[PDB]
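Data block for entry33.cif (mmCIF, C-alpha atoms):
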```cif
data_query
#
loop_
_atom_site.group_PDB
_atom_site.id
_atom_site.type_symbol
_atom_site.label_atom_id
_atom_site.label_comp_id
_atom_site.auth_asym_id
_atom_site.auth_seq_id
_atom_site.Cartn_x
_atom_site.Cartn_y
_atom_site.Cartn_z
ATOM 1 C CA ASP A 127 0.000 0.000 0.000
ATOM 2 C CA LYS A 128 0.961 3.523 -0.708
ATOM 3 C CA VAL A 129 0.866 6.500 1.518
ATOM 4 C CA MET A 130 -0.028 9.897 -0.004
ATOM 5 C CA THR A 131 0.525 13.402 1.350
ATOM 6 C CA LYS A 132 0.422 16.819 -0.295
ATOM 7 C CA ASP A 133 3.843 16.273 -1.882
ATOM 8 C CA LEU A 134 4.616 12.578 -1.335
ATOM 9 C CA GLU A 135 3.684 9.185 -2.772
ATOM 10 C CA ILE A 136 5.398 6.468 -0.726
ATOM 11 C CA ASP A 137 5.375 2.710 -1.359
ATOM 12 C CA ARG A 138 5.869 0.844 1.922
ATOM 13 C CA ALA A 139 6.598 -2.453 0.155
ATOM 14 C CA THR A 140 9.406 -1.288 -2.146
ATOM 15 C CA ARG A 141 10.694 1.770 -0.237
ATOM 16 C CA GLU A 142 10.083 3.971 -3.300
ATOM 17 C CA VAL A 143 9.448 7.715 -2.820
ATOM 18 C CA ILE A 144 7.972 10.224 -5.303
ATOM 19 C CA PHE A 145 8.177 13.898 -4.244
ATOM 20 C CA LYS A 146 6.239 16.439 -6.326
ATOM 21 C CA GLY A 147 6.539 14.055 -9.253
ATOM 22 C CA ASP A 148 10.255 13.222 -8.897
ATOM 23 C CA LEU A 149 11.652 9.873 -7.808
ATOM 24 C CA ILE A 150 13.896 10.427 -4.765
ATOM 25 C CA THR A 151 16.818 8.250 -3.596
ATOM 26 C CA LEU A 152 16.778 7.965 0.211
ATOM 27 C CA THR A 153 18.849 5.870 2.600
ATOM 28 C CA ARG A 154 17.036 3.177 4.580
ATOM 29 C CA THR A 155 17.048 5.394 7.677
ATOM 30 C CA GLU A 156 15.978 8.521 5.797
ATOM 31 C CA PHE A 157 13.116 6.498 4.331
ATOM 32 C CA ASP A 158 11.869 5.148 7.677
ATOM 33 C CA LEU A 159 11.882 8.660 9.160
ATOM 34 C CA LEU A 160 10.071 10.151 6.154
ATOM 35 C CA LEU A 161 7.511 7.333 6.161
ATOM 36 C CA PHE A 162 6.947 7.588 9.911
ATOM 37 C CA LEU A 163 6.244 11.319 9.747
ATOM 38 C CA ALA A 164 4.189 10.986 6.556
ATOM 39 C CA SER A 165 1.973 8.308 8.158
ATOM 40 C CA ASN A 166 1.308 10.507 11.203
ATOM 41 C CA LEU A 167 0.396 13.884 9.733
ATOM 42 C CA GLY A 168 -0.346 16.777 12.069
ATOM 43 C CA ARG A 169 1.281 15.125 15.091
ATOM 44 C CA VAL A 170 4.332 16.395 16.960
ATOM 45 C CA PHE A 171 6.955 13.806 17.892
ATOM 46 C CA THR A 172 9.854 14.470 20.231
ATOM 47 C CA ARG A 173 13.367 13.688 19.104
ATOM 48 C CA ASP A 174 13.365 10.894 21.713
ATOM 49 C CA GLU A 175 10.199 9.381 20.218
ATOM 50 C CA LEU A 176 11.481 9.636 16.638
ATOM 51 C CA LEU A 177 14.762 7.993 17.649
ATOM 52 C CA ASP A 178 12.789 5.127 19.215
ATOM 53 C CA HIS A 179 10.260 4.757 16.398
ATOM 54 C CA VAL A 180 12.706 5.043 13.495
ATOM 55 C CA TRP A 181 15.990 3.640 14.786
ATOM 56 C CA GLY A 182 14.161 1.018 16.866
ATOM 57 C CA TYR A 183 14.010 0.064 20.532
ATOM 58 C CA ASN A 184 16.850 -1.452 22.527
ATOM 59 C CA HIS A 185 19.652 -1.361 19.903
ATOM 60 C CA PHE A 186 21.831 1.219 21.727
ATOM 61 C CA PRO A 187 21.602 3.442 24.843
ATOM 62 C CA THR A 188 18.984 6.231 24.908
ATOM 63 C CA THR A 189 17.882 8.813 27.473
ATOM 64 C CA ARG A 190 15.521 6.127 28.856
ATOM 65 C CA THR A 191 18.557 3.928 29.554
ATOM 66 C CA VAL A 192 19.861 6.751 31.740
ATOM 67 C CA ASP A 193 16.648 6.935 33.774
ATOM 68 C CA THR A 194 16.576 3.158 34.157
ATOM 69 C CA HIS A 195 20.186 3.091 35.362
ATOM 70 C CA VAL A 196 19.473 5.778 37.985
ATOM 71 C CA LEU A 197 16.515 3.784 39.333
ATOM 72 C CA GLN A 198 18.722 0.677 39.497
ATOM 73 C CA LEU A 199 21.382 2.599 41.441
ATOM 74 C CA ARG A 200 18.670 3.754 43.871
ATOM 75 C CA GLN A 201 17.577 0.167 44.538
ATOM 76 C CA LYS A 202 21.126 -1.151 45.018
ATOM 77 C CA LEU A 203 22.246 1.833 47.170
ATOM 78 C CA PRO A 204 19.244 2.593 49.430
ATOM 79 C CA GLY A 205 18.950 6.302 50.215
ATOM 80 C CA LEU A 206 21.503 7.384 47.608
ATOM 81 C CA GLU A 207 21.033 11.122 47.354
ATOM 82 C CA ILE A 208 20.479 11.540 43.633
ATOM 83 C CA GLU A 209 18.014 14.386 43.170
ATOM 84 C CA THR A 210 15.576 14.236 40.284
ATOM 85 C CA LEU A 211 15.033 17.508 38.477
ATOM 86 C CA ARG A 212 11.714 16.815 36.736
ATOM 87 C CA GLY A 213 12.110 17.369 33.013
ATOM 88 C CA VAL A 214 15.867 18.033 32.921
ATOM 89 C CA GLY A 215 17.943 15.356 34.608
ATOM 90 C CA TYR A 216 19.870 14.456 37.743
ATOM 91 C CA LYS A 217 22.236 15.725 40.430
ATOM 92 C CA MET A 218 24.090 13.897 43.214
ATOM 93 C CA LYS A 219 24.002 16.010 46.372
ATOM 94 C CA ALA A 220 26.665 14.546 48.703
ATOM 95 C CA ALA B 126 43.977 8.177 44.682
ATOM 96 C CA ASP B 127 42.246 5.177 43.236
ATOM 97 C CA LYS B 128 39.229 6.084 45.370
ATOM 98 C CA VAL B 129 36.313 8.447 45.381
ATOM 99 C CA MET B 130 34.666 8.807 48.745
ATOM 100 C CA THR B 131 31.395 10.518 49.504
ATOM 101 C CA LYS B 132 28.795 10.147 52.227
ATOM 102 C CA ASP B 133 28.424 6.404 52.960
ATOM 103 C CA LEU B 134 30.167 5.626 49.663
ATOM 104 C CA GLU B 135 33.610 4.296 48.753
ATOM 105 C CA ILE B 136 34.430 3.698 45.074
ATOM 106 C CA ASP B 137 37.745 2.265 43.920
ATOM 107 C CA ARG B 138 38.410 3.173 40.266
ATOM 108 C CA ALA B 139 41.254 0.677 39.870
ATOM 109 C CA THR B 140 39.551 -2.443 41.283
ATOM 110 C CA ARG B 141 36.021 -1.265 40.371
ATOM 111 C CA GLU B 142 34.586 -1.978 43.810
ATOM 112 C CA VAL B 143 31.762 -0.085 45.509
ATOM 113 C CA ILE B 144 31.253 -0.084 49.267
ATOM 114 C CA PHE B 145 28.006 1.576 50.340
ATOM 115 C CA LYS B 146 27.331 1.719 54.087
ATOM 116 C CA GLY B 147 29.901 -1.001 54.678
ATOM 117 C CA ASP B 148 28.415 -3.415 52.126
ATOM 118 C CA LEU B 149 30.208 -4.381 48.937
ATOM 119 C CA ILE B 150 27.745 -3.628 46.134
ATOM 120 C CA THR B 151 27.568 -5.544 42.858
ATOM 121 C CA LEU B 152 27.034 -3.235 39.880
ATOM 122 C CA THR B 153 27.072 -3.749 36.150
ATOM 123 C CA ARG B 154 29.773 -1.942 34.167
ATOM 124 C CA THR B 155 27.546 0.967 33.191
ATOM 125 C CA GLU B 156 25.899 1.244 36.617
ATOM 126 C CA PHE B 157 29.423 1.547 37.982
ATOM 127 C CA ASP B 158 30.450 4.113 35.354
ATOM 128 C CA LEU B 159 27.310 6.142 36.065
ATOM 129 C CA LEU B 160 27.757 6.010 39.844
ATOM 130 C CA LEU B 161 31.424 7.019 39.687
ATOM 131 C CA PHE B 162 30.679 9.891 37.309
ATOM 132 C CA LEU B 163 27.971 11.321 39.555
ATOM 133 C CA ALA B 164 30.002 10.817 42.737
ATOM 134 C CA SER B 165 32.971 12.615 41.120
ATOM 135 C CA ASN B 166 30.742 15.630 40.294
ATOM 136 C CA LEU B 167 28.779 16.408 43.458
ATOM 137 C CA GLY B 168 26.222 19.216 43.381
ATOM 138 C CA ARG B 169 26.128 19.354 39.572
ATOM 139 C CA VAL B 170 23.001 18.965 37.437
ATOM 140 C CA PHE B 171 23.321 16.917 34.250
ATOM 141 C CA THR B 172 20.712 16.376 31.575
ATOM 142 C CA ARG B 173 20.026 12.837 30.407
ATOM 143 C CA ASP B 174 21.699 13.674 27.080
ATOM 144 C CA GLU B 175 24.831 14.817 28.925
ATOM 145 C CA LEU B 176 24.933 11.659 31.060
ATOM 146 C CA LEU B 177 24.552 9.530 27.932
ATOM 147 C CA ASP B 178 27.568 11.263 26.376
ATOM 148 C CA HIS B 179 29.734 11.424 29.523
ATOM 149 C CA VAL B 180 29.057 7.855 30.715
ATOM 150 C CA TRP B 181 28.044 5.770 27.694
ATOM 151 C CA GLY B 182 30.476 7.503 25.339
ATOM 152 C CA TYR B 183 30.254 10.531 23.089
ATOM 153 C CA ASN B 184 29.389 9.965 19.426
ATOM 154 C CA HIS B 185 29.290 6.128 19.614
ATOM 155 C CA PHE B 186 25.675 5.464 18.537
ATOM 156 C CA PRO B 187 22.588 7.314 17.234
ATOM 157 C CA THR B 188 21.198 10.102 19.446
ATOM 158 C CA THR B 189 18.634 12.882 19.223
ATOM 159 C CA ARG B 190 21.203 14.815 17.160
ATOM 160 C CA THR B 191 21.101 12.016 14.558
ATOM 161 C CA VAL B 192 17.367 12.748 14.268
ATOM 162 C CA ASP B 193 18.118 16.458 13.702
ATOM 163 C CA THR B 194 20.664 15.791 10.963
ATOM 164 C CA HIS B 195 18.339 13.297 9.252
ATOM 165 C CA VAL B 196 15.591 15.939 9.119
ATOM 166 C CA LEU B 197 18.069 18.335 7.466
ATOM 167 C CA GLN B 198 18.938 15.604 4.968
ATOM 168 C CA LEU B 199 15.273 14.998 4.130
ATOM 169 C CA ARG B 200 14.702 18.742 3.652
ATOM 170 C CA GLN B 201 17.717 18.935 1.303
ATOM 171 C CA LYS B 202 16.796 15.913 -0.824
ATOM 172 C CA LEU B 203 13.104 16.924 -0.991
ATOM 173 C CA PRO B 204 13.272 20.699 -1.504
ATOM 174 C CA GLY B 205 10.286 22.339 0.146
ATOM 175 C CA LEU B 206 9.259 19.297 2.200
ATOM 176 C CA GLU B 207 6.941 20.542 4.937
ATOM 177 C CA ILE B 208 8.566 19.218 8.077
ATOM 178 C CA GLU B 209 7.982 21.665 10.910
ATOM 179 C CA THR B 210 10.660 22.037 13.577
ATOM 180 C CA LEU B 211 9.117 22.607 17.014
ATOM 181 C CA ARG B 212 12.247 23.995 18.604
ATOM 182 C CA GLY B 213 13.410 22.209 21.719
ATOM 183 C CA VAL B 214 10.784 19.474 21.410
ATOM 184 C CA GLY B 215 10.708 17.846 17.973
ATOM 185 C CA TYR B 216 9.167 17.592 14.533
ATOM 186 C CA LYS B 217 5.819 17.523 12.740
ATOM 187 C CA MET B 218 4.774 16.964 9.142
ATOM 188 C CA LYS B 219 1.755 19.214 8.419
ATOM 189 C CA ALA B 220 0.140 17.542 5.360
#
```
Here is a file; write its structure as structure tokens.
Amino acid sequence: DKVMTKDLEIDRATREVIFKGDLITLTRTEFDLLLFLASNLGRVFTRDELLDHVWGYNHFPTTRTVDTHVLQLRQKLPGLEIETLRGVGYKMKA
Amino acid sequence: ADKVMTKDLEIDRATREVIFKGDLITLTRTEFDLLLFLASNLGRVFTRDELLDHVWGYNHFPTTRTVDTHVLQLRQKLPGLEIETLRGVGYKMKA
């Protein structure tokens, strides 16, 4: 099946892309990103989400890996004074 | 000089041993690397992206910057492609 947008005609089966009438050569990764955005018009994705959805889950460390490792440190070192700064990151107090 | 010591915590960099409140603590390699980094930088706030680079290694695998440069590549190869940059959050294709 094909996916159409204003400018794009994308073939999911063959990885072929037509842009305003012209056939476009994309890398595999470029293609997956283009197709992901083109299949989800009007929706904002964070860079973290796009990394996950396009490059795949669990192939290399991400910002989630960082959060998971902090939680694991907290369990193995009870009372470890790592402060969470909601929506930024972490700080060790003492 | 092999050791970093903070409250209740003793970390030996050479032998990679962690003593917390008098107990030897078993950590994976990256748990250790993360702990030692934070203990060596008390009072300092790091973003998750910074911790990734400092602890897991800078420029070793795809990151959020790889997403940014791939959007630039798409915009170059498809001149006029309507990807919107929502600065400091991410990306949206309008239509």
Picked residues, the PyMOL selection byres ((chain A) within 9 of (chain B)), expected as number ranges by chain = A: 131-134, 145-146, 150-152, 155-157, 159-160, 163-164, 166-177, 181, 186-193, 195-196, 198-199, 202-204, 206, 208-209, 211, 213-220
Report the distance between atom CA of residue A:139 and atom CA of residue B:201 in Å, rounded to one decimal place.
-> 24.1 Å
The centre and edge lengths of an axis-aligned box containing all atoms of stretch 131-139 of chain B present in the file, extended by 8 Å on each side, are to be given in Å to one decimal, as lines of an AutoDock Vina configuration file.
```
center_x = 34.8
center_y = 5.6
center_z = 46.4
size_x = 28.8
size_y = 25.8
size_z = 29.1
```
What is the atom CA of residue A:143-atom CA of residue A:158 distance in Å, reported with one decimal?
-> 11.1 Å
Can you save stretch 193-217 of chain B of the given block to a file, including N, CA, C and O atoms and formatted as a short mmCIF file (atom, residue, chain, number, x, y, z; two decimals), in the first residue's frame?
```cif
data_model
loop_
_atom_site.label_atom_id
_atom_site.label_comp_id
_atom_site.auth_asym_id
_atom_site.auth_seq_id
_atom_site.Cartn_x
_atom_site.Cartn_y
_atom_site.Cartn_z
N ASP B 193 18.03 15.11 14.27
CA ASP B 193 18.12 16.46 13.70
C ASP B 193 18.81 16.46 12.34
O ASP B 193 18.36 17.12 11.40
N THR B 194 19.94 15.76 12.23
CA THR B 194 20.66 15.79 10.96
C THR B 194 19.92 15.01 9.88
O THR B 194 20.04 15.34 8.70
N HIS B 195 19.14 13.99 10.26
CA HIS B 195 18.34 13.30 9.25
C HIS B 195 17.19 14.16 8.75
O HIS B 195 16.82 14.04 7.58
N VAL B 196 16.62 15.01 9.60
CA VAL B 196 15.59 15.94 9.12
C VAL B 196 16.19 16.92 8.11
O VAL B 196 15.60 17.18 7.04
N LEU B 197 17.37 17.47 8.42
CA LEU B 197 18.07 18.33 7.47
C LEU B 197 18.32 17.62 6.15
O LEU B 197 18.21 18.22 5.08
N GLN B 198 18.69 16.34 6.21
CA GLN B 198 18.94 15.60 4.97
C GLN B 198 17.66 15.44 4.16
O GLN B 198 17.65 15.66 2.94
N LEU B 199 16.55 15.10 4.83
CA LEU B 199 15.27 15.00 4.13
C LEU B 199 14.90 16.32 3.47
O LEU B 199 14.48 16.35 2.30
N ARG B 200 15.03 17.43 4.21
CA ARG B 200 14.70 18.74 3.65
C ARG B 200 15.57 19.09 2.44
O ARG B 200 15.09 19.73 1.50
N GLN B 201 16.84 18.67 2.44
CA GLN B 201 17.72 18.94 1.30
C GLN B 201 17.33 18.09 0.10
O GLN B 201 17.23 18.60 -1.03
N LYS B 202 17.09 16.79 0.31
CA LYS B 202 16.80 15.91 -0.82
C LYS B 202 15.39 16.11 -1.37
O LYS B 202 15.12 15.70 -2.50
N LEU B 203 14.49 16.69 -0.59
CA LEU B 203 13.10 16.92 -0.99
C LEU B 203 12.82 18.41 -0.81
O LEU B 203 12.19 18.82 0.17
N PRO B 204 13.29 19.24 -1.73
CA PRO B 204 13.27 20.70 -1.50
C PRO B 204 11.85 21.23 -1.34
O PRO B 204 11.01 21.09 -2.23
N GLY B 205 11.60 21.84 -0.18
CA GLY B 205 10.29 22.34 0.15
C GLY B 205 9.44 21.40 0.97
O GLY B 205 8.28 21.74 1.27
N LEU B 206 9.96 20.23 1.33
CA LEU B 206 9.26 19.30 2.20
C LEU B 206 8.80 20.00 3.47
O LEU B 206 9.57 20.71 4.12
N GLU B 207 7.55 19.78 3.84
CA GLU B 207 6.94 20.54 4.94
C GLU B 207 7.05 19.77 6.25
O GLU B 207 6.08 19.31 6.85
N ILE B 208 8.29 19.64 6.71
CA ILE B 208 8.57 19.22 8.08
C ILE B 208 8.67 20.48 8.92
O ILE B 208 9.45 21.39 8.60
N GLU B 209 7.87 20.56 9.97
CA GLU B 209 7.98 21.67 10.91
C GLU B 209 8.90 21.28 12.07
O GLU B 209 8.73 20.22 12.68
N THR B 210 9.85 22.15 12.37
CA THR B 210 10.66 22.04 13.58
C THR B 210 9.93 22.74 14.71
O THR B 210 9.61 23.93 14.61
N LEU B 211 9.62 22.01 15.78
CA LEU B 211 9.12 22.61 17.01
C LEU B 211 10.32 22.68 17.95
O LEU B 211 10.72 21.68 18.54
N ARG B 212 10.91 23.87 18.03
CA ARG B 212 12.25 24.00 18.60
C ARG B 212 12.25 23.52 20.04
O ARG B 212 11.32 23.80 20.81
N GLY B 213 13.29 22.75 20.39
CA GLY B 213 13.41 22.21 21.72
C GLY B 213 12.41 21.13 22.08
O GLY B 213 12.32 20.78 23.26
N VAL B 214 11.66 20.61 21.12
CA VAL B 214 10.78 19.47 21.41
C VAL B 214 10.92 18.43 20.30
O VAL B 214 11.32 17.29 20.56
N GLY B 215 10.64 18.81 19.05
CA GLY B 215 10.71 17.85 17.97
C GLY B 215 10.16 18.31 16.64
O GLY B 215 10.32 19.47 16.24
N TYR B 216 9.48 17.40 15.94
CA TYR B 216 9.17 17.59 14.53
C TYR B 216 7.74 17.16 14.23
O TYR B 216 7.17 16.29 14.90
N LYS B 217 7.18 17.79 13.19
CA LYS B 217 5.82 17.52 12.74
C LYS B 217 5.74 17.72 11.23
O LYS B 217 6.21 18.75 10.72
#
```
